[PDB]
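Quick heads-up: it's one chain on its own, the form solved without pyridine-2,4-dicarboxylic acid, in structure tokens.
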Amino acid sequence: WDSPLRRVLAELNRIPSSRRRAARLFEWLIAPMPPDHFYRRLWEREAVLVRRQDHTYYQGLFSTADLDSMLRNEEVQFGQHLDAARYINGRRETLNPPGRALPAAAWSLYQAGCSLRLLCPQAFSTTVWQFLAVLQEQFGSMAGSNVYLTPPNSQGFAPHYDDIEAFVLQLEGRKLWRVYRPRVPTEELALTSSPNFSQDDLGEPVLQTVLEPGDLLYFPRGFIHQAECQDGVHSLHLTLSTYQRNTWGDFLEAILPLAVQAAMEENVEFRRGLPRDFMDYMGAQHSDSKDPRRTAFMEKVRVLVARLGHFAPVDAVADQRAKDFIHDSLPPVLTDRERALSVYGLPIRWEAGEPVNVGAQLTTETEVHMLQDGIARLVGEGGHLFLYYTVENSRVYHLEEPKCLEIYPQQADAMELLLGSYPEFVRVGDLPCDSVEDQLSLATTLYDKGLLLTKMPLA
């Protein structure tokens, strides 16, 4: 009734800092490999196998039993929540009947040699939720997961790459995995998922191995992979994915239109007229021209492009990606102390015909900090100040719109101070505001919204 995993979880509960929690969990996830080694040399470059030598490593995360109660007690739909898949004679085809996915239907598909894939494990299981909710804080990119249940003597899926950084957690059974290097430069760190491939289309595997429970297998986006079950045992695995559209390229995409517009507003060379007659030497039809105006034009394009770095709003865009990450974020999993010290742990309830324990209000004396570290971001838009937060997000991606509350200019400095000083308590009375009304109102607002905690329970 215990695993390394239930222990690491019990551990996370005791570490006060969300930042520290995430770092710790990631260490665990890849142990004995050190994070720092992994991130500096292996991540995005190398396929990685961690032979755990433990069969009980991930016990308490997720299991086929979990799925079977899920099909029975939760409204799981084919195509929305669960897939049914078969690769045979170099040909894959989905077999989801439309509508609800009942055990009866599901298990019949298993018995016919269809794998089952559950698209949002974190919606229906609180242990996957917590796992992902913690790890996303150290990835600075949303982490989602798919759970893959493959029957004996069969392959579910075709060889292919994905558009995310993959962590395969083997959960039950065994599977033969083949992983390859990218076939060409343009497939390295591929931007979008590949078509399903055929076996002719592949080279040699860089890594071929039989995974077993507790084992972990990681490979960057672009690394083609397949996986089969061999001798009368099955596979269960959870693959954890992150880093979707989180490239330098995606950063520039957002920076550029702004930079050109800043440059055109602020500097008259970007507002000058094109030549009257550039059409006489620019264009496909003239790509071979030896007119020297051609090479002047090119050279001016190149410097003007270069000169836009100076006008790029790197900070504003970082904030905008921060805002999208908040929106993308799973809502936080509280420690017991965190809940107990917050609005969620106030003991006010309904007891025999009335509400009992109206709590204390917060005073200048109350000491406070941000509930956690990875749940809020302050962002300027149109000369206004908004705090976006994760605490009301659903455990389905984007099920809620992005949530935020205004921060008035007078309260700005205090908010920045709060965000920047987690996890160090601070007197409400000591927040850098003009009045005492402002100090209270800020903290009250933040406390009521489930963003703040007090050193000692209000009641």
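Note that residue numbering follows the sequence shown and begins at 1.
Quick note: we don't show the form deposited with pyridine-2,4-dicarboxylic acid bound, though the next part is all about it.
Take pyridine-2,4-dicarboxylic acid as it sits in the deposited bound form, overlay the site C-alphas onto this chain, and none of its atoms lands within 2.4 Å of the backbone or a C-beta, so the site here is open. With the partner removed from view, the residue among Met142, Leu216, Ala227, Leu109 that has a non-hydrogen atom within 4.5 Å of pyridine-2,4-dicarboxylic acid in the deposited bound form turns out to be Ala227. Note on the partner interface in the deposited bound form: the residue among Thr239, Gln138, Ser125, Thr242 having a heavy atom within 4.5 angstroms of pyridine-2,4-dicarboxylic acid is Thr239. Although the partner is absent here, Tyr148 sits close enough that one of its heavy atoms falls within 4.5 Å of pyridine-2,4-dicarboxylic acid in the deposited bound form. pyridine-2,4-dicarboxylic acid is not drawn, but in the deposited bound form it has a heavy atom within 4.5 Å of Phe157. Although the partner is absent from this view, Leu378 stays clear of pyridine-2,4-dicarboxylic acid in the deposited bound form, with no non-hydrogen atom inside 4.5 angstroms. Residue contact with pyridine-2,4-dicarboxylic acid in the deposited bound form: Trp177 places a heavy atom within 4.5 Å of it. Residues placing heavy atoms within 4.5 Å of pyridine-2,4-dicarboxylic acid in the deposited bound form fall in a single listed stretch, namely 162-170, out of 365-373, 162-170, 340-348, 382-390.
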